[PDB]
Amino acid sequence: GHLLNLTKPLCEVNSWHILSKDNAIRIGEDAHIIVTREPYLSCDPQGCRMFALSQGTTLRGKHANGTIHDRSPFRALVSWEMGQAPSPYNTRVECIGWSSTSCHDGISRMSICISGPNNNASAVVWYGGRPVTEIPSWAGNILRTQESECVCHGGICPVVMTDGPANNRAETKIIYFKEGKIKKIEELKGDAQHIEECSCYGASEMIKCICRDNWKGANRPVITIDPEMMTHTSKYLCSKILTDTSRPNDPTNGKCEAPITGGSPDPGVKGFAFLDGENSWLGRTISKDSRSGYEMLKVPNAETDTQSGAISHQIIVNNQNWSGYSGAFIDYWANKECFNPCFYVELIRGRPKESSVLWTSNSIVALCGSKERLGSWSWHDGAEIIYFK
């Protein structure tokens, strides 16, 4: 192949069309489907795949008991053909661990998995199916990364990683990879106070990462990365439309340079947005408290305008159904003259919200932009929890 260069702008988006849905929990009620969480999608020149962190057991298996827990030696990053549900028979092991990112540079895939004990974790960086670089924890407190795809440009693939408290100031770094080797590392700079779980996309030779502040803000940090110069800046999303969970009600003015506090009971969830002037879209859970529902809001100049509000709206998952993490991806190899925004929603089933079962797992739904004004309906998980009792 040839290296991906982010030469195209973003496509105009007026609504979202269905891309894929795996129905993994419905199917997994009776087929051999593995337990997962923290899914995402990532494309390459030959097609798009689903990704997630396995828990090393099937959904109906006795080892599904206790899968609310996030980190163990039995987790792995696995990928599979888009739309299928993940089984022990159709999944490729990308790397071993409990926090991950992956992206394709046009020639080969880079996958990163972090594993080990909380006080001394390590990333193993794979390129082209081999391991090539290892990175020790720098702060001794749950070294962790994006939980969705990275983005490459001219062979440089920046990745955002954090080590340190989840509830206080941490140590975040931007690592610039080439063939899975470190070309440059930067300490986080700018106004973002805390960085977790960045959802990133590229357009017009720049990468934007929309992340989770788990310490203070209900507004999301935004890291802007120049992959050719290998530099970054950070701020908060300016818009008054708040998109973390938990969050307070939308205030009259957002904040660019500082967190907006508030919300109960949880400090954060992975999410995303596409920031392109008038062509800007913010995703968020419908509930301001819980990971329930999911909606897309078109918010012109969300990135720069503190009073920017929504001019259009699409419900992706109604508020009577559980959502979860969400993130950005793009098919950078599509036959279009612009890069078309896509996103996924993790549809979490089981604990803590559904305590009648002993497990936690998820299914996936993914959508991409349309220039049309399409009708829509809810793409919820669809499984009956009673069937699992």
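Quick note: we count residues from 1 along the sequence shown, nothing fancier.
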Where do the C-alpha atoms have the higher mean temperature factor in this entry, in 252 to 260 or in 272 to 280? 252 to 260
Which wins on mean Cα temperature factor, 195 to 203 or 107 to 115? 195 to 203
Reading the B-factor column for Cα atoms of 97, 86, 129, 267, the highest value belongs to 267
Checking the entry, which one of 92, 153, 75, 169 has the top C-alpha B factor? 169
Would you mind checking where the Cα B-factor of residue 365 ranks among the modelled residues of its chain, as the lowest, middle or highest third? middle
Third of the chain, ranked by Cα B-factor, where residue 39 sits: lowest
Lowest, middle or highest third: where is residue 381 by C-alpha B factor in its chain? middle
Pull the Cα B-factor of residue 122 out of the PDB entry and bin it into the chain's lowest, middle or highest third. lowest
Here the Cα B-factor of residue 71, set against its chain, lands in the third termed lowest
